[PDB]
Structures are given as structure tokens and as C-alpha cells.
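The data below hold one chain only, encoded as C-alpha cells and taken in the form solved without this ligand.
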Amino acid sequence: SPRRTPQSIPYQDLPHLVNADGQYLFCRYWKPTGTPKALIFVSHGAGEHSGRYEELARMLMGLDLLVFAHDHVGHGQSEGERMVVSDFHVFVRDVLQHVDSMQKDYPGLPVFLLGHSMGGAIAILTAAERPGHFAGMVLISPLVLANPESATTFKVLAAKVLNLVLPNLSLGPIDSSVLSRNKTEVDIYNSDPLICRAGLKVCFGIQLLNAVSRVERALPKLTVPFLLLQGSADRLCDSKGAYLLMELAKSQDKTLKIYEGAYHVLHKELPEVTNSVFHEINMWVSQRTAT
């Protein structure tokens, strides 16, 4: 039978790619009318999917960038057990595969990364693996810092051989109102069928702890230009993490913007925060796409 998405749509009906593990990833393209000036890959957060970047992608497409994305393994319309991954590097490897494919099709163009939350950790590590290769990075509340998770909690490492015992063991779900002050966007989040709202599995939590530890080891060599957007009342990724990234990255071109009282999902926050987010990304990329 034809390979299908978890929602039963055949991959032959959708844009897709097949990763090095033989898993189908659903892909999304926003391509401008004229020759693109640049490429930008958008990397979504844990639990969500690429269709949540439609508006952001339209704004970038308006700048004459060719925007592209995929749902990470275990997410959205892509294959894999939900919110599970053998090693965090699989996300990075798959992004590099997609970026390399797009660059074959569009040689000579500069390539940018845009990442949110766990997607931001993926962009950091993607850029770190290929120094000098990306023209720049836009980060929205990137996952950079472990959430004050004690040494006892981390000993859940013990439960990972428990997640071999009980694999689905979960840390348990987050309150969705921690996501955004904007209630409409909270309700949209709660009602999107492609979003996984299940609590974070222990084995995935361990991969996220690997990400955060790898991001810390990578910052010494990260030199890519970046823009970092962060809310002061973010409960999922602490703002402290954003200042650490500014201080420890070696990038010569780094900019931080703090949104006072804002929660995690800045591109879906209260309209005055969200408008400023779009405009700041617009200018930053635009100035580095004249370069």
C-alpha cells in the first residue's frame, strides 16, 4: 500500500522527502514569484508542525525569500512514533538534508535559518555543525537552557530504562495558557489536529536534555549572525537562557530583543507583540539579504 501520513493522506499527494532512516517527512514550500534572493528554512517547536508558520512564511516570501520547511520526525504530517526520536541529531541531520537539496536547486543563494523553541535548538546545532555556511539565524524563544530541572529529576535518566520498562512514561502535559497571552491563539493551539498535546515522554525529555547540553558545547564555535527574540515571562524557556546565549556565542553579529511580560510563542502573542516580532524579523533579514 502507498505510504501515508499519520492522518492517512498518501505521501505521493504531498510535497515530501525521505530521510536517511527511510522515514517520510512532509515538506512545505513558499516560493516567491521572481528569482529568490535567499533561502530560509523554518524549524518548528516540539509538539507542533510547519503549518503554524504560514503567516511568518508569507511575510518572508514577500521579501523575495524562498521559504521551506518540513515537519520533524514524530510530528505533524511526517512519519514516526509521536514526539519520539532515537537521538536528537536526527532532527539536525534531516534539516541539513533538506537544506542541501534546496541548495542544489538554487546554487549561489545565501541560506538563513529560523527556529522556535526546540526548533531554535535545532537551528543552533545545525549552524554549529557547518561554520560559515549559513548567512544568519533568527531565534524565537529557543530552547537553550534546561528548565531548573534538579539532579533528582534528571535521574529520571533512571526511568529511561523505565521507558524501556514503561516507554510511554510521561512528564505530563503543560498548561496551554502558559503559551501566549493571546487567548484566541491558545484556543487555536488547543484545537489544531496536527499538534500533539500529549505530555512530554521521558525518553524525549532525555533527548531535549541532550540538545541543551550540546547547544552549550556548541556556543564556543557558533559564529553565525543571529537575532534572538525572547519574552520576559516565558515559563517554558527561561529568559535567563536568552542572556546566556548572547554572552557565550562567539557571533560577531548578535542582537537580542526582550518582550516585556510576553510568554513563549511570540509570533502568536498579543497583537502589538506579534506585529513588532514580524517587523523586527523583516528588517533584520532584509538588511542581511541586501548585504
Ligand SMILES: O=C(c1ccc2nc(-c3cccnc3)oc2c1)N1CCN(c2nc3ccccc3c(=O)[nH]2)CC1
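The numbering used is simple: start at 1 and walk along the sequence shown.
Undergrad: With neighbours modelled on both sides, does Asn147 go without coordinates in a third or more of the other PDB entries compared?
TA: Yes, a third or more of the compared structures omit it.
Undergrad: Indicate yes or no: is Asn163 absent from the model in at least a third of the other PDB entries of this protein that were compared?
TA: Across the compared entries, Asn163 is left out in at least a third.
Undergrad: Using only the Cα atoms and their B-factors as the entry lists them, report which of 129-137 and 164-172 averages higher.
TA: It is 164-172 that shows the higher mean C-alpha B-factor.
Undergrad: Which is higher on mean Cα B factor in this entry, 236-244 or 222-230?
TA: Looking at the recorded C-alpha B-factors, 236-244 comes out higher on average.
Undergrad: Taking the Cα B-factors listed in the entry, which of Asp71, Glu149, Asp87, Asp94 comes out highest?
TA: The C-alpha B-factor peaks, among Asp71, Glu149, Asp87, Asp94, at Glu149.
Undergrad: Going by the entry, which of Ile122, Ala198, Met102, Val111 has the most elevated CA B factor?
TA: In this record, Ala198 carries the highest C-alpha B-factor of the candidates.
Undergrad: Place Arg217 in the lowest, middle or highest third of its chain's C-alpha B-factors, as listed in the PDB entry.
TA: Its C-alpha B-factor, which the entry lists for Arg217, ranks in the highest third among residues of this chain.
Undergrad: Per the entry's values, where does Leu25 land by CA temperature factor relative to the rest of its chain, in the lowest, middle or highest third?
TA: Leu25: CA B-factor falls in the lowest third of its chain.
Undergrad: Divide the modelled residues of the chain into thirds by Cα B-factor and specify which third, lowest, middle or highest, holds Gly261.
TA: For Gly261, the deposited C-alpha B-factor lands in the middle third.
Undergrad: Once the chain's modelled residues are ordered by C-alpha B factor and cut into thirds, is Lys37 in the lowest, middle or highest one?
TA: CA B-factor rank for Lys37: highest third.
Undergrad: Please place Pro271 in the lowest, middle or highest third of its chain by C-alpha B factor as given in the entry.
TA: Top third by C-alpha B-factor.
The form deposited with this ligand bound is left out here; the points below concern that form.
Undergrad: Examine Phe134 and determine whether its closest non-hydrogen atom to this ligand in the bound PDB entry is within 4.5 angstroms.
TA: Output for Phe134 is no: heavy atoms all beyond 4.5 Å of this ligand.
Undergrad: So in the bound PDB entry, is this ligand close enough to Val224 to count as touching (4.5 Å, heavy atoms)?
TA: So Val224 does not count as contacting this ligand.
Undergrad: Check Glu79 for me: does it contact this ligand in the bound PDB entry (non-hydrogen atoms, 4.5 angstroms)?
TA: Flag for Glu79 set to no.
Undergrad: Considering non-hydrogen atoms and a 4.5 Å limit, does this ligand approach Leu236 in the bound PDB entry?
TA: Result yes; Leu236 sits at the interface with this ligand in the bound PDB entry.
Undergrad: Which one, 124-132, 174-182, 91-99, 105-113, holds residues whose non-hydrogen atoms are within 4.5 Å of this ligand in the bound PDB entry?
TA: That would be stretch 174-182.
Undergrad: Among the candidate residues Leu39, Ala57, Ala46, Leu63, which is the single one with a non-hydrogen atom no more than 4.5 Å from this ligand in the bound PDB entry?
TA: For this set of options, the contacting one is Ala46.
Undergrad: Pull the contact list for 98-128: residues with a heavy atom within 4.5 Å of this ligand in the bound PDB entry, in sequence order.
TA: Read in sequence order, the residues that approach this ligand (within 4.5 Å, in the bound PDB entry) are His116, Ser117, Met118.
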